[PDB]
Each structure stands twice: as structure tokens, then as C-alpha cells.
Amino acid sequence: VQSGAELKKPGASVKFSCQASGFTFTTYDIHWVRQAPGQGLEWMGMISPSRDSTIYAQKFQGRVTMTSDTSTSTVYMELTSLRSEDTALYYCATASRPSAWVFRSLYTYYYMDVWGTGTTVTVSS
Amino acid sequence: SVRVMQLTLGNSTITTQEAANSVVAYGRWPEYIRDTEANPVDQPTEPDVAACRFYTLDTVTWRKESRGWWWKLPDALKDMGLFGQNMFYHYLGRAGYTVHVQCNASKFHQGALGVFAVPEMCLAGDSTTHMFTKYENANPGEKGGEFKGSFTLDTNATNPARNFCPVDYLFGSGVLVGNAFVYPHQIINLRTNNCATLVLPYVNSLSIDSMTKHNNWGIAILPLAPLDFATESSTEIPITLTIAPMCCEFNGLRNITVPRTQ
Amino acid sequence: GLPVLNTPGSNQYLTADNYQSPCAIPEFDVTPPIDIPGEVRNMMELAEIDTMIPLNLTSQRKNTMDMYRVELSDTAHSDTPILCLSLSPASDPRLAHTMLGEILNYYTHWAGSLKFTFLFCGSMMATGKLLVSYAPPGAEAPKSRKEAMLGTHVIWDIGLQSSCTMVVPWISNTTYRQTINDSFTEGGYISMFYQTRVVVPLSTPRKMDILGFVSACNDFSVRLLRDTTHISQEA
Amino acid sequence: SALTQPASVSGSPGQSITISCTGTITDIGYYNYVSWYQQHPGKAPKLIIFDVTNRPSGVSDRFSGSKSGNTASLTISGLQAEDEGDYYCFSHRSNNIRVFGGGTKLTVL
Amino acid sequence: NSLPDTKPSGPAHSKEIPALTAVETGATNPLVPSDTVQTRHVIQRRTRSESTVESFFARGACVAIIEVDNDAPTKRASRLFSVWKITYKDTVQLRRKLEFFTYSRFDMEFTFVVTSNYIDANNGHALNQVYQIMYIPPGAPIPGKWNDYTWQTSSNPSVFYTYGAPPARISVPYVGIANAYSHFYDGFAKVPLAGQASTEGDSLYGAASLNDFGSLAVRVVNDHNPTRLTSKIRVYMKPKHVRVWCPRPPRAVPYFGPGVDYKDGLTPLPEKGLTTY
Amino acid sequence: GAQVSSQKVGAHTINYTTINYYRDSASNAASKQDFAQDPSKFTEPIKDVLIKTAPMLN
Ligand SMILES: CCCCCCCCCCCCCCCC(=O)O
């Protein structure tokens, strides 16, 4: 799990890039968690590249769009508009530690266990 | 001959002159707990005429844009005198019900109401979060609630409403309202009858249950045909409910239950 | 050692077997039953109950409360039909989502007679007559009162008794009829017409609604259980 | 809508401490998908408990977890100076939304 | 027994009116075809035997797919054991057939079908596996590892299945704490009281017991092979000796969660004209 | 202690034999001998007696 770059601009859209291994791209889900300085963790959403299904948080539903790329085993996250509160450290995480409890009656739940080094974005003039 | 009735329970008396008939739900009259079915061991209290009497709830108004009304038993009688006090003082409670719906109109009016008595009338919520409706919204009391025309999703994640969103053709529970007639029911058709009477026995998977935690019956009033009168601009006729408990018994006496209301 | 021979069909799992099996919780004290009201022993006790038919499946009328109501009027006499039914108690889109239709969607074969009950929801001053007809198949579907008079019909007078029941008799070339919309063993045609017309006085609404009901008789049967197409699960 | 944790817990070395995480229903009080994360300064968060009472491989045995109703608790017995940092509570909400806690700073006295 | 016979009927001209009725009274008109048309004498030999509730619930249905893995525990965190909480509500067909009614009381027969698969056969081969299915009643401890002390099964019932055998089958009696099972519960587990905090007294609408029937724990008894083997065990549930007590309309929209909620899949009926057959 | 009873005569010996091998009643097979029915508690749930030839409202 590697993060692309570190950027800064007010107002305009900022695109994120997270490249992982080819086995973990196709098998497991990839999660996005952000962390403001001293303010704790905050979940943003989920991309699942085996079926290209997206789940977003209700705080970030209108602003965040997530895509996938099977040719490079890389997932992307785009925040369409940024505010000054969005100055944070953005993590890319892979959910590969499973639960013993069966999710519903047909599926398996996975916790995050592999975390990237992160991406710091600053929103200030 | 059949169209006149006189009901008397306690100190209360209802007389009707345009009745259809009286429905006993599932062919079973209300009764007390027999000794072969008694689960608690303490002596029950039976208030008789103090609790088994006709209580009149608030009057709702039928108009053209109205889509339905619903109530929960014994939640609708929680503020109604000694029945409500015996319910709030005791842990366990059991009562059958006689539900009488009153709605009169002139011979130039038209319309039809479906009076449905539903055992375990569960209702759907307003949000993606499952089973998230609170106690204060699921137990409104004598005011009941109203069926809605379309499903609306609550997007407020900061302060959620945590309320029901019952859609009337989905009967509040995702079943088609034409198939709701398998429940014990009567129809108030304004050219035919002005009242509906349902006698409901105690229906549960237990001989006695906690009345404050659990509602045994639900009464749903839905307009099967809309109200119309003389092609004028507006019309509005009232609907009055009158519910009497039958065969009350309560077992576990302790201090008062004051539920949270907000 | 008793000599035995293993027949074919050994070590299989049939979903509809009736074999005995060992118990995981022996010597369990089962909670004794009580007399709960309303015990159902047969599914045909539930098909004999009147349930409303979504007759008006027009695009502005469907999936609202308007789909159960068919609008009658004060206008002049015509031999055009009011409603039309194809008598397929499942796979007609009106009759399959009744309780009779939802029970019959779990079965492949049905037989027996049907009761169609229509309730008049107009004013007391509204008075009129109606012709409710059943046509057995093998002919053109009746588009006029003159064609549907020749079939099985009931003339209903609107009065103090607010509803009337037409019993569709069991006329079939086969012992059982198929649930799906097969052209062989098709059911018939059911339609309603104006006999004279509905007349109202002044200061009365000129449009009134009718509600239809469907139920089975006591000679009704099903005989082969199957799955339904009304429920589905994603992923 | 975030999960509730105390802001700071303090303790001497050798003592037994407890960090408590209180959520709600449709949450911790409904599911068993309650997990704990540990974050030293400058580092990514590291999983120390994944199911309610269960530890991943490599996590030391002095960490323990429990659940009582809507509250999940992380107990460290025999506190050491290397346990100083932030501890984050995590669970699953029934509308398929994953939600963290506020975080508890641990100071070793 | 057979259905009642169609008695012969001639023409009628009298004061009797079987065709006229009143559905406002809440009753079905109990009409036979001799009340409306002229009928012949028909000896009916049809029976309602397949339409009984026992014959309606005679077929088993899949309720769970529980997935376990056999692998070395040092790499990639494989599911060496998995636990499933017992409910019928996650598969829609048996849930719809049960939610035809409100209250029910039956014995239940379980059947377990196990299938195994190789992830990559180039790593080697593996022997015949033995699968342990452990019942955990509510209150019993949950395993944390595949080699935990809880798998000794001193009091918990357990079924050991060898792969390649006929499928494992047990039966349970009526295990409900009430006099019947409750498919619908219009209520709460606890009542909030005045003066207490907002975090106290909350409960789900219709949950009753949060752990009502317990859980099943599935593991592979054998040690790790060099090959990763995945296994799915499918739980088939068949009611028998069935009594039901309150009829309900069947569900017409897609299910959404364990309750009666709905989000999508609404407007189910299609377009059809009123005067088109 | 065998139980002998008649089976269905469709496309048709007449009798079949069933022996319970286990102690508990949950182990037993489905008997399928029930043909009790009474639809009148759902189809006519009325305090007064309904006569089909009479007017229902009188
Ligand atoms: C060795 C495995 C033993 C299996 C034990 C199964 C425990 C009893 C399960 C009963 C399930 C009841 C489901 C329907 C009840 C309801 O309608 O709420």
C-alpha cells in the first residue's frame, strides 16, 4: 500500500491515488480514513474492486467519488470541493483481517490491518 | 332488527341504530386465565367495572386528502383512568378489547373506511438504520399516528427523527392493503352503516405479558373510498373511537412506571 | 451381522424426505401449548377470504390507493365494458397479488370455483343496475353487452344490500388448471357492464367508486408445491 | 454520531487500567464487530484487538477486551512505558457505516 | 377426506337472495355454485391434503452459508473457524413462508452440506477433512481460536462430519421460552424511564432477545496442509410438527434488514389497462 | 410396537409400517394424517348466526 503525493490548494478538487498489490486489489476491500491534527480518526468510504461497489459516509456523500483501475491495481479518491477544515492526513487501508462472526448469513466481514503511510493535504491560501 | 345494538360494560353504554353487525375476532370471546395455563404464581387483581368500561379517545377528522390513521393497544389507553394506573403499577397485564368506531354522515355523502384489527402491527421506520424507531414515537398514546402517501427518507444524521413512515398501500409493513382483509375487520360504508364493532380476545404467544413493553393489537383506519359531498369546495366529517378493555388481570405489583416522553 | 444390500438412492439428500433423525438436545422439557385464537390447519381456509383486487392498473393509478377503485359515472347508457379480467388467478397482474393469487403462486395446479364480490361505495341516493358476466373460453372476448349476455351472468340491483357475489363455476376440460399463463387450460373472461345506468339526484356526487373482492369456494384445491416469482434476493 | 471515549487516562507502571468505549444500539450493543486500534505519534494505526475478546498475532497478552451492553472496554494489566499513545475504538453500524471513536491519550506516570 | 359434492339444483324464483350480501359486516358470503347457476350432480374425489400446513412446510430451505478455511495460521489471517448466529431472516423464501403467519410452534430438522475446494493445486495435496459443528447456546463461551478449550464439548452438543459422507442431520425440539415462536413482536426489550440519560433505556423496535437461539461454530479439526483449502457448509432447515395461529398477508416488497423496514423495490405491480383483458 | 396405517391409493399394498426408533418425540417423522379444517372462524367471525338465503342486514 503506497500513497501518491502530498498536495495543497484551496477551493479546487484534489485527486488521491493509492496503489496496492495485485492479490489484495482483487480479493479485499480498500478503505479511506482521514485524520485531522489532534482530532482523531474519521472514516470516509469504501471501494471494493472485485465488484466496483461504493459506500460513502453521510458527511462525505456529495463531495467524494471513488474509482478503480484494474490495469495498475490502483484505486482513486476525488474530493470535488475542499474547505479549510479538510486540512488532514488521509490514510489508505486494506481490510484483510477477517471476523469469526458471519456477516449476515452469507458473507465475511473484514477489519483493517494494513495501513499506508498517508497523504497530507493542506487547505490554506 | 339486526341494525340496532346496545353495548353495556361497567357504567358506560353505547347505542347504535345503523349497525352492520359485531365481529368477534377469530371466533373467540375474551376470557380470564385458566388454571391449566397460568404461568405466574401470585394472586391476580381483577378491577372489573373500574377498568372494563368504554373510554373515548381523541376525534380525528376525515377529509379528501387524508390517507389513514393507526393506533396501538394498550398504548392508546395508557392515560385513561384506572386501567392506565393498573397498567403502570403492574409488571404483567392482559386484557381483551371491544373496539367501537363511530363515523356518521348524511345520505348524500359517500365514502368507505376499512377498520382493521392487526395482531402485532409492526411499522416500518424512516431511515436506513434498521429497527431504529424510539419508544416515544412508537407509543404516541391516544393521538395515534397517520399513514403517509409516499416514502420519504430521513437524511438528518446529526439529530435523527427516529419515527415511523407508514405508507398506506403498503399498510406500514410492506404488505398489499387489499390482502389486509385476512385480519378481523369491518367496513364503514356511509350508505350502509355508521359504526363498526370489533371484539378482540387476548392474542399472544404467552398467557400474560408486559403491557408497557409490548402491544398486542393495532387498529388501522384506512379510507377504502374517498370522501365526497355534493361537488362543493370542501367537506370534513369526524371519526370517533371508543375502546373498552375486557377481562383485565394484572399480577406483579411494584412502584410506578413513568416512561420517558419527549 | 444381518446381511443387507444397499439400494440405489443411498447416501442422498432429498429435500422432501420423511426420515427419522437423532436429537441434539435429549430429555428437553418442551413448554406446553396454550389455546391461542385463530389456528390455521389448511391453506385453503385462507383462500376462502375476500381480498381486494387491484383492478385499475393505469400508470397514474397503479401503486397508489387508486388502483383498487373503479370509477362509475352518471353518464348515458353504453355497452362498453367497465372492467375486464382474463381469469388467471395467478399470472394475471391484477389477480396474482391477491391472497388467493399469492397462495396459488406457491402451487402449479389449481381447481375449484371462485367467488367475485363487488361492493358499491356510492351515496344512498345513488341507484343503478349492473351486469357482471363470465365467459368460458374458446371464443372472442366480449367487448359489448350483447356478447356477454350469452355467458354466465348475474344482474345486480343496488339497494340496501350493498354488495353482490358472482360464483364462477368450475367449467374445465381438465381436472386441474395450470398456474402460469398457458393457452391450454385457460380460465375464461370476466367483465362488468352497465344494465340501464346509475342515476343520482341533485346535490349528489356524479362519480362513485366500486371495490371488487375475490375468494375461493369450498370445492377448491391445489396439489403441487413450488417456489414463487414474487420474492427475490440480490448478491 | 461518533463514539464516546474519555479524553485522557493516566497511570503508573505496573498498575492495571481500563479504557472504556460507549456507543449505542445498532452498534456495539448489537454487533460483535468491535475492534481497538493503537497509534503512537508519527505512525499508522495498529490493530490490537479485532473481535471483542480476541487479539491478533504479535499483540502482547497484557491487552484484553470485554463487552457489557452498549459499552466495550479495553483493559491493560501491568502498564509499561511503551504503551503511551492514542487508543481508538471502532465498530460497525447497522446502516453499513463504519465509525470510529474520539480517541484516548494514555500517559504513563 | 374428500371435498363436499356438488348437489343438483334447478331453477329458482323465491324470496331467498344468496347472491346479495354485505361485506361491511366482515364476513365472506359462503356461496356454492348451486346458489347462482343450475348445477349437475358431481361426486368430488379431490382432497386438500397437499394444502395442509405440514405439507406446506415439508420442504427444507437454505438459511446460511458458513465459510471456513484450512491454512497455516502464520500467513494472511485465514478463517480457521467461523461462528454464525442462528436466524431464518437472512434468506427470503423461508422467511416469507414463515411470515405468512404470526405465531408458530414446530420441531426443526437441520441438514448440513459441506463442499471443499482448492485455491491452487500446484502447492501440493491434502487429505480428507473432518468438520466439527458445535452448538453454542446463549450464555456459553465463544471460541477465540481454532484450538481453544471450548472445542472439548463437555456440555455443548457437537456433530463431527467426515468429508465424502452423506450429509449430517440432527433434530431439535421446540426450544422457545414462550408457548409459541413470535415472527413479529410489536414492542421493545426495555422501557425508558423519566430522568435517566439518553444513552440508557434505548432498545430496538422488535428485537426481543438479542441472542435468542445461540450460535453455531464450525472449524476444521485437522492440522494445516501446505495448500489453502476453502470450505462452505450450507445449513438446510426443515420445520416439522407445525402449528400456526394468526394469518397475515405475505410480503410484497424486497426485505430490508431483520424488521419490517423497506427502502427500495417499491411500486411492485405492472401496467395493465382497465378494459384490456 | 409397530404402527400400521393406510397410504394414498393414487395409481394403485394398502398399508405401510412405521416404527419409532428414538426416545424423544422430536426425532419422529411427520405423520401427515391431519385433515381438520374450520374456515368459519375466519370467513364468518360474526356474533350472530349467518344464513345465506336471508338478507344479511335486516
Ligand atoms: C449441533 C447443532 C445444534 C443446533 C441447535 C439449533 C437450536 C434451535 C434453533 C431453532 C430456530 C428457530 C427459528 C424460528 C423461530 C422464530 O420463528 O422466531
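Residues numbered from 1 in each chain as written, not as in the entry; some residues may be left out. Chains lettered and ligands numbered in written order. Heavy atoms only, no water.

Identification of chain E as Capsid protein VP1 from Human poliovirus 2 strain Sabin is taken from the PDB entry. The header of this PDB entry states its title as "9H2 Fab-Sabin poliovirus 2 complex".

The PDB entry lists chain D under the name 9H2 Fab light chain, with Homo sapiens given as the organism.

**Concerning the arrangement of the chains**
Ranking the 12 pairs of chains in contact by contact count places chains C and E at the top. There is a clear gap between chain C and chain D: no contact, and 15 Å between their nearest C-alpha atoms. At the level of C-alpha atoms, the two units chain D and chain F stay apart, their nearest approach being 32 Å. (Contact = heavy atoms within 4.5 Å.)

**Describing the sheet that holds strand β2 (residues 14–19) of chain A**
Residue and element names in this part refer to chain A. Here we have 4 strands laid out as an open sheet, ordered β1-β2-β7-β6, and antiparallel in their pairing. Every interior strand has two partners, whereas the edge strands, β1 (2–3) and β6 (64–69), have only one. Taken together, the 2 bridges between β1 and β2 define a ladder with antiparallel strand orientation. The partner of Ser3 across the bridge, within β2, is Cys18. (Pairing = 2+ DSSP bridges. Helix = DSSP H or I, 4+ residues; strand = E, 2+ residues; numbered from the N terminus.)

**Considering the pairing of strand β8 (residues 88–103) of chain A**
Residues and elements named next belong to chain A. The buried fraction of β8 is high, at 15 of 16 residues. The pairing of β8 with strand β10 (residues 119–121) spans 3 bridges and is antiparallel. Pairing of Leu89 across the sheet is with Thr120, part of β10. In this sheet, strand β9 (residues 107–115) lies alongside β8 in antiparallel orientation, the contact comprising 7 bridges. Across the sheet, residue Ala95 finds its bridge partner in β9, namely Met112. Between β8 and β9, which pair antiparallel in sequence order, lie 3 residues; one of them, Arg104, sits at a positive phi of approximately 50°. (Buried < 20%, exposed > 50% of the residue type's maximum accessible area, 1.4 Å probe, protein only.)

**Comments concerning the state of the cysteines**
For the coordinates displayed, the defined rule picks out 2 disulfides over all chains. Here A:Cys18 connects covalently by a disulfide to A:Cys92, the sulfurs 2.0 Å from one another. Residues A:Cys18 and A:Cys92 are joined by a disulfide whose S-S torsion is about -85°; by sign, that bridge is left-handed. With a gap of 74 residues between them, A:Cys18 in strand β2 and A:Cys92 in strand β8 connect regions that are remote in the sequence. Overall, A:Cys18 belongs to the buried group, its relative accessible area being 2%. The side chain of D:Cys21 participates in a disulfide bridge whose partner is D:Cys89; the two sulfur atoms lie 2.0 Å from each other. Around the S-S axis, the bridge from D:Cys21 to D:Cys89 shows a dihedral of about -80° and counts as left-handed. Linking D:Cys21 in strand β2 (residues 16–22) with D:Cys89 in strand β7 (residues 85–93), this pair joins segments that are 68 residues apart in sequence. Both residues of the pair, D:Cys21 and D:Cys89, count as buried. Take C:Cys121: it sits in no disulfide, and the sulfur closest to it among the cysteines is that of B:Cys103, at 13 Å. By relative accessible area, C:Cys121 is classed as buried at 2%. (Disulfide = S-S within 2.5 Å.)

**A few points about the interface of chain C and chain E**
Across the contact, 98 residues belong to chain C and 84 residues belong to chain E. Both faces combined, the contact of chain C with chain E buries some 7700 Å², and carbon together with sulfur accounts for 59% of it. Linking chain C with chain E are 4 salt bridges, by the criterion used here. For E:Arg48, the salt bridge identified is with C:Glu48, shortest N-O distance 3.1 Å. Counting across the interface, chain C meets chain E through 39 residue pairs in polar contact. Summarising the sheet, strand β8 (residues 163–168) of chain C and strand β1 (residues 20–21) of chain E pair through 2 bridges and their orientation is antiparallel. The partner of C:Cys164 across the bridge, within β1(E), is E:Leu20. (Buried area = accessible area lost by both parts, 1.4 Å probe. Salt bridge = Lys/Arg side-chain N within 4 Å of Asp/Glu carboxyl O. Polar contact = N/O pair within 3.5 Å; in protein donor to acceptor, adjacent residues only side chain to side chain.)

**Structural notes on the pattern of salt bridges**
Inspection of the entire model under this criterion finds 40 salt bridges over all chains. Residues joined in a network through salt bridges with shared partners are A:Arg34, A:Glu42, A:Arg63 and A:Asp86.

**Examining the packing of aromatic side chains**
With the rule as written, the count across this model stands at 43 aromatic pairs over all chains. Between C:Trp110 and C:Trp170, the aromatic rings sit 5.6 Å apart at their centres with planes inclined by 65°, giving edge-to-face as the arrangement. With C:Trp110 in strand β4 (residues 109–111) and C:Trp170 in the loop between β8 and β9 (177–178), the pair connects residues that are 60 residues apart, well separated along the chain. The partly exposed category is assigned to C:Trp170, whose relative accessible area is 25%. Between E:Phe106 and E:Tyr181 the ring centres are 5.3 Å apart and the planes differ by 50°, which places this aromatic pair in the tilted class. A residue pair is termed long-range when its members are at least 10 positions apart, and E:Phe106 in strand β4 (residues 103–118) and E:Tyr181 in strand β8 (residues 181–182) qualify at 75 residues. For E:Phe106, a relative accessible area of 5% corresponds to the buried category. Classification of E:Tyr181 as buried rests on a relative accessible area of 13%. (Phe/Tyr/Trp six-rings, centres within 6.5 Å; stacked < 30°, edge-to-face > 60°.)

**Points about the site of the ligand**
Residue and element names in this part refer to chain E. Surrounding the ligand, one finds 13 residues, the nearest of these being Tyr88, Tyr135, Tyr181, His183 and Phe213. Within the residue set of the shell around the ligand, elements represented by two or more residues are β4, β7 (168–172) and β8. Among the residues making up the shell around the ligand, the classes are represented as 11 nonpolar, 2 polar and no charged. (Near = heavy atom within 4 Å. Nonpolar A, V, L, I, M, F, W, Y, C, P; charged D, E, K, R; others polar.)

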